[PDB]
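Asks: this one's a deposited entry, sequence included:
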Amino acid sequence: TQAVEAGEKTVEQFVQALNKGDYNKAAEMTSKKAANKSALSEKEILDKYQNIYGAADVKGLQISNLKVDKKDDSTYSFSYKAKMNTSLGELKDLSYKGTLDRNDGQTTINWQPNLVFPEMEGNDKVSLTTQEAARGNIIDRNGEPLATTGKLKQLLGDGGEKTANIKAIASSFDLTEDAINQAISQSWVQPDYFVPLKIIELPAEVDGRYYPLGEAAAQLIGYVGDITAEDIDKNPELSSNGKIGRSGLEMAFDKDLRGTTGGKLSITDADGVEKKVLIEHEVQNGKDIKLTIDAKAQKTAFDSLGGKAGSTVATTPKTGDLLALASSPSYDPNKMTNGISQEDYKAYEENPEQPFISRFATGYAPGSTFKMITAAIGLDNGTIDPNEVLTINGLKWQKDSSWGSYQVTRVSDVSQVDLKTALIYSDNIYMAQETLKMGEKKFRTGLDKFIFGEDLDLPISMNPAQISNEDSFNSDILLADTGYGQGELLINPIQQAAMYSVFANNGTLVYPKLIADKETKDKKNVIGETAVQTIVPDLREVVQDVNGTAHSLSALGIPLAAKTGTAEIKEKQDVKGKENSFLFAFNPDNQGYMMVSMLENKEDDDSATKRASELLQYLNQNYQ
Ligand SMILES: *C(=O)[C@@H](NC(=O)Cc1ccccc1)[C@@H]1N[C@@H](C(=O)O)C(C)(C)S1
């Protein structure tokens, strides 16, 4: 069985050459063109595999159950099962048969047309008919469309009137006259060709993906683009004529939204009469995805940012339903999927504010809002006494002279500061001293009860939140900075709304949900209910007290428990200093809604609190 083992290696190498797409390397392993030998020459075998497998997008040829016996003195027979992936699914349970020849020092394959497909003979052809599948829709929690397939409206003389009509079309549709003449002067433009320019009197209808909210949900939903030849080579089950999700939920849910391509792959005779049907199944359209998003809250949350850098997360904290996931600035997903110029796409990538960033999934330093967690931990382990009054003199403070020139800084010079006063004025010195007295060991014990290091079950690409870089602070300064939300903390707004949901469930952390049909997941006993009933009344005073940092929100006249914060970061690209503004707020009477808004690289005298009056009214009216 020495020459028999060489024949098994020849069959294995022939299949591997077909699997890797190198049809020339597979054809060179066949015998000469003759009777009882190879049916075609090496060059003819190359063109037949390249035409047939290329038309069906065959990829991943895998065989099994190989058996190679011996027939004649110089003829060896082989047989094996095989499976392959085509553009209409996986072809499985294929019985292949053939013979080999070892007329010298090497062993070749007596190639026959039945080695392409099992029942092919002589000059048989292969026909493939496909039916494109309609992409499914993305809807909100009330059925409003967020990503649908609509019918769009896509928008000549001789000499002088032609140039005058171009100037008339550029001024009647807010278009550049230098681009209208550039569209009709492209290399692909032939004399009487309709050159499309932009979508919506006519001087001298097509189907496509449509996003109703547009930029208000561009980071969350995403966009779809034309499928390329490289996309088919990676996944043949795609439609080489349709769309593929490029970012956002259009990409994360691309498999469920695109459906499956339908049609028939059959073998015909020399004349195109069908003989054997290999694959055939009806077209299955893409399923719709229903989100927890509120279409009216998503638009309001985005418009409240006013085009500045920031993000806003609105949830129902008792169930976790993500009502709004806004990010600003944003891009136009309709222009992104229906043709965009090289200048407009470069303007989105070269924009320093980066509109492509999903800021609700980007890890930031939580700021002074994180004092709610440090206080709740201090109340659980008995370190923080709600009535204990610390004496703080001045605006700067340090533990001892070993800190050098670093001092914890506060804004309000209040001499008598207890826990309630610290949350109203956002006193960093108070929380810094209570964190040091708490100790790193007991501080991490309360932090580990949260979602630090956990990857949330959400169709949004993000990194898990962290307490610090390593498992130990190993620095009293870093321990204090982590007390009031600075240091090496990295928590994205979605993870902040999850950690802050304990104050709406009496110490129970409710994980956020984006899909409407998913079951509510929670984590009980994260913080004590006693700490909730102590901090939440103080969070009311952050809005109601006249010296509260969120006193401008008392104008709403609705029950609110809030906590603001303005974290300052080291920018390096700018040595003046960059500060982010944060705001957390929820209804402490019914726990119907919860809001976490931020303002990245804020302007002076600007804050997320100033821009939250509109969204807080809608969430209080429609989510009790
Ligand atoms: C929490 O992050 C605190 N921020 C600082 O100490 C940094 C800072 C604050 C103001 C100006 C420059 C640097 C507190 N959070 C904010 C807030 O809650 O709005 C305060 C201004 C109260 S300090």
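Replies: Looks like it arrived, so ask away. Numbers count the residues shown, from 1 in each chain.

Asks: need the residues that contact stretch 18-28.
Replies: 14, 17, 42-43, 45-46, 49-50, 53, 59-62, 111 (C-beta atoms under 8 Å, 6 or more residues apart in numbering). For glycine as for every other residue, the C-beta is placed from the backbone atoms N, C-alpha and C.

Asks: 7 Å - rerun?
Replies: Stretch 18-28 is contacted by residues 14, 17, 42, 45, 46, 49, 50, 60, 61 when judged by C-beta atoms under 7 Å, 6 or more residues apart in numbering.

Asks: do the same with stretch 182-196
Replies: Outside stretch 182-196, the residues touching it (C-beta under 7 Å, 6+ apart) are 154, 197.

Asks: can you do 10 Å?
Replies: Stretch 182-196 is contacted from outside by 154-156, 162, 166, 175-176, 180, 197-198, 206, 338-339, 341, using C-beta atoms under 10 Å, 6 or more residues apart in numbering.

Asks: could you identify the most distant pair in these?
Replies: 162 and 338 (26.3 Å; C-beta to C-beta).

Asks: who has more neighbours out of these two?
Replies: Comparing residue 162 with residue 338 by other C-beta atoms under 10 Å, the one with more neighbours is residue 338, at 19 against 13.

Asks: which among the contacts of stretch 182-196 gets closest to residue 454?
Replies: residue 338 (38.6 Å).

Asks: find the closest residue to the ligand in this protein.
Replies: The minimum distance from the chain to the ligand, using C-beta to the nearest ligand atom, falls at residue 368 (2.4 Å).

Asks: mind checking the SS state of the residue nearest to that residue when sequence neighbours are not counted?
Replies: In space, and not counting its chain neighbours, residue 368 is closest to residue 565: 3.1 Å by C-beta to C-beta, 6 or more residues apart in numbering. Following DSSP: H, G, I helix; E, B strand; the rest coil, the label given to residue 565 is strand.

Asks: specify the beta-bridge partners of residue 565.
Replies: residue 582 (DSSP bridges).

Asks: so who does it touch?
Replies: Contacts of residue 565 (C-beta under 10 Å, 6+ apart): 365-372, 426, 484-486, 549, 580-584, 598, 607-609.

Asks: can you do 6 Å?
Replies: 367, 368, 369, 582 (C-beta atoms under 6 Å, 6 or more residues apart in numbering).

Asks: sorry, back to before: so can I have TSV of the contacts of stretch 182-196 showing distance to residue 409 and secondary structure?
Replies: TSV is the format used below for the contacts of stretch 182-196 (distance: C-beta to C-beta, whole Å; DSSP: H, G, I helix; E, B strand; the rest coil):
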residue	distance to residue 409	secondary structure
154	57	strand
155	57	coil
156	67	coil
162	68	helix
166	61	helix
175	53	coil
176	50	coil
180	57	helix
197	56	coil
198	52	coil
206	59	strand
338	51	coil
339	52	coil
341	48	coil
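
Asks: from the contacts of stretch 18-28, which two are the most distant?
Replies: 42 and 60, at 24.0 Å, using C-beta to C-beta across the contacts of stretch 18-28.

Asks: look at these two and report which has more neighbours.
Replies: Counted by other C-beta under 10 Å, residue 42 and residue 60 do not tie: residue 42 has more neighbours, with 18 against 11.

Asks: in JSON lines: the contacts of residue 565, plus neighbour count and secondary structure.
Replies: JSON lines is the format used below for the contacts of residue 565 (neighbours: other C-beta atoms under 10 Å; DSSP: H, G, I helix; E, B strand; the rest coil):
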{"residue": "367", "neighbour count": "28", "secondary structure": "helix"}
{"residue": "368", "neighbour count": "23", "secondary structure": "helix"}
{"residue": "369", "neighbour count": "26", "secondary structure": "helix"}
{"residue": "582", "neighbour count": "28", "secondary structure": "strand"}
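
Asks: check which residues of stretch 118-127 are buried.
Replies: By 16 or more other C-beta atoms under 10 Å, the buried positions in stretch 118-127 come out as 120, 124, 125, 126.

Asks: return the subset of the residues you listed lying in strands.
Replies: The strands, defined by DSSP state E, take in 125, 126 from the buried residues of stretch 118-127.

Asks: which ones among the buried residues of stretch 118-127 also lie next to the ligand?
Replies: On the criterion C-beta under 6 Å from any ligand atom, none of the entries of the buried residues of stretch 118-127 sits beside the ligand.

Asks: closest to residue 96 out of the buried residues of stretch 118-127?
Replies: Using C-beta to C-beta, those come closest to residue 96 at residue 120, 10.8 Å.

Asks: might you report the residue contacts of the closest one?
Replies: By C-beta under 6 Å, 6+ apart, residue 120 lies in contact with 113, 114, 267.
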